[PDB]
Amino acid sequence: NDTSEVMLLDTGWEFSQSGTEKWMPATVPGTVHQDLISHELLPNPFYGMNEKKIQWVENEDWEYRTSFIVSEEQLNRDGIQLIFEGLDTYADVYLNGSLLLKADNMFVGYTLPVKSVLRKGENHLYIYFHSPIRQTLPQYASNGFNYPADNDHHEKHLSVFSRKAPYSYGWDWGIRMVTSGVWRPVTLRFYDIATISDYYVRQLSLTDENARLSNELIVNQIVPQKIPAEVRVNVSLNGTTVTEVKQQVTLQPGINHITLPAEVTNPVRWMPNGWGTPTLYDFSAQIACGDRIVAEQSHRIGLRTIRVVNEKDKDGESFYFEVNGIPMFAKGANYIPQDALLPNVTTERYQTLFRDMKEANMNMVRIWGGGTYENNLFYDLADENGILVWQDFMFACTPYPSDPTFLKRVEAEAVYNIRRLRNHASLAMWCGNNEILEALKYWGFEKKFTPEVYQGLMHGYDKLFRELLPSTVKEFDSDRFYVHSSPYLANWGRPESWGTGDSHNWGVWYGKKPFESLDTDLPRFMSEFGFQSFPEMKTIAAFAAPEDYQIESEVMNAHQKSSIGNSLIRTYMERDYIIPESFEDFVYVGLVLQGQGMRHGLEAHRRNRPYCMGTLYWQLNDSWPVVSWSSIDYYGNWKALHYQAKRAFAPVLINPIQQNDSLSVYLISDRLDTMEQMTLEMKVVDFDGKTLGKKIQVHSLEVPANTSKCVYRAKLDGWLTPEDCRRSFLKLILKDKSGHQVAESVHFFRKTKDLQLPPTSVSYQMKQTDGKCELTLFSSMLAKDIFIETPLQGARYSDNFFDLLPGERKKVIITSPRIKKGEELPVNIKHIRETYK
């Protein structure tokens, strides 16, 4: 609500491969690749072997153009700014014969004063995008060594020279699409007197009784006179004013700094997912000049404390988050770009992914440093879903340059994004990079370079990650934690270091260690651990013809970038499952495997609180159709791992853990309230539905807030025979004093491959309407790890990848806007015994 007028330059753009004099319609925001696809000038880059066929684009320059009209009335506004929220990457901006800007950083928004260049009538904007490959060949040639960036899929590692999304050059789950273009919106704003260049709501203090805020405004006045104004900040909640403050000023030409204190008595705090409401106040700053509101800016603000506790202690060095005074065990995942082509990621897709996180009970997401600083919508959704955000700076897995020019470019992206993000309730901490010091010290790299260059890399590390970035956080976001790297010291190979900070476990997967190692190999905080899976068949069909379905085939090694890939999946599967003959059935067990194995680790982490205070698995999501460590595939389909993470992160969890022919049962709660007079009930049930022995009852159980506690141990010997352990399972239920159920769990006493699973039909009734299909499933005998498979991309399930227990009916709701009444939903139910003879 101000007097400015904004024109979106988001239609009527054209592009041209440089020097062909051929122009065609473009979509802006967008990418060169998508503009080509859309005129059938590229094949589907995700389909089959098209990866090799699309690389040529990275070697060309690309130009974009648009025309707009400006009226005499508009040209008579005091000020007119052209805003680029993003240019990828080396971009020459020309308006009406003027070079406005030589852009050189994908991660920076540019605000350009243009009134003096604009013309009544037609106006011509041209943007020239230099190939970031050809732009940096001479830079590389001058360097006289290749930076060891193995995820840059090219002999010459040119990524490290450019402030560009690292993953664009490739990665061990990624396609190489080194694209260009106007990747975020272009707006022209026509205004009077000034704009608000920045609005920071700085929390000075927070108690139950009062919140103290400093409203800090930078106002850019574009007229040459002194202008009396009143600054106003309105604090509102759900449309109702809570407090109003104002301040007389006389704005000077150029930058003005304005500071207004405001207080909220009896503040309603922002809570993370699980602990209550993620309450957001509306803070609105207005600049009023007489009758007219010349500038306004708002932020949604959450009133909370977040402290990162990173202190020497008996165990080494703690690493945990205290939210509103309470240690909060972190439960979430590492997030990567949702697409090879970032502007194709829509509002719906961002909303669905946060629905996926919130429904799996997560309270944290790490924006890993080989992606982007996410758009404003991402942080807004993290705010309104109660997800803490761990923000890496966009450096990952290689040393980077540290020359003055390079540092100046990084300082600019750090100041831009810190100011862009520092008003979000969700933002919890900054991290300098992903695994750069680990890589410098341990991946070797030392053996690859002269000592001279090595020493240059080591001092270069300090200049960027221990000086420039920490000092910048201290200046612009002084109450947020910064750490130079994840992991900061813990090395997976060095068990003595595990008590010290966050860990990236590479024992599971790279080191081939069994999932069971995660019960003994305990970190203070798991920032990264993971396991691959092939995605389900409807997702393979999207990139592969039926001809092409094989475990180490051509396209199934092309769709794996890790190279050890498909082999590790078979090696791990054989330990716990019978390997099926059919590709389809192997795909299904592979989803089950990744699910069970990772859930086991996620449970170990919560079980070992307080020693361990969080787990973020690698990885939530995918950028394209591919074999990856994801829990959600590129089309939004939940793998078994997503259902399993949800189960393992449930606020109260019954965790039966069997080691050394003994069972222990823990009760784990992340609730803020302590539960009293609880009963654990267990009974041993055979795969036919017959109870073995008596129900076991443990009464008088306290479940204190934010603890893991053991409530029952029993040696297996004398309780069940080896034959029994292959033939039955443990059913566990937790109930309050009044016998109402608050949690259940199922426990198997042997590896699935060692189970005597009876042959069985899962039968179902199906009630199908618009958008919806309600299945009632039944099997008189145990059906293990059932997978209700439909060919409908993106279908959501109330539940899936669960055991259907003997005799016990189970309701499952499947939903999709594409479910039409009368076209019966194709449904194929798989279970483990079905996969071998």
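Whichever C-alpha set is largest while still superposing within 1.5 Å between the two forms counts as the rigid core. Counting begins at 1, following the sequence as shown.
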Which of the two stretches, 563-571 versus 618-626, has its Cα atoms farther on average from this form in 6 other deposited structures of this protein when everything is superposed by the rigid core? 563-571
Determine, for 440-448 and 501-509, which one has C-alphas that on average lie farther from this form in 6 other deposited structures of this protein; superpose on the rigid core first. 440-448
Find out whether the coordinates of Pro817 are absent in at least a third of the other compared PDB entries of the same protein. no
On mean C-alpha B-factor from the PDB entry, just flag whether 650-658 or 681-689 is the higher one. 681-689
The stretch carrying the higher mean Cα B factor in the deposited entry, 758-766 or 312-320, is 758-766
According to the Cα B-factor stored in this entry, which of the following is highest: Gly181, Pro487, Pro495, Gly254? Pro495
Using only the C-alpha B-factors in the record, can you name which of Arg202, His699, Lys538, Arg420 has the highest? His699
Would the CA B-factor of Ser142 place it in the lowest, middle or highest third of its chain? middle
Determine, from the deposited record, the chain-internal third of the Cα B-factor for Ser214: lowest, middle or highest. lowest
Split the chain's modelled residues into thirds by Cα B-factor; is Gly771 in the lowest, middle or highest one? highest
For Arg727, the third of its chain into which the C-alpha B factor falls: highest
For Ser67, return the chain-relative third of its C-alpha B-factor as stated in the PDB record: lowest, middle or highest. highest
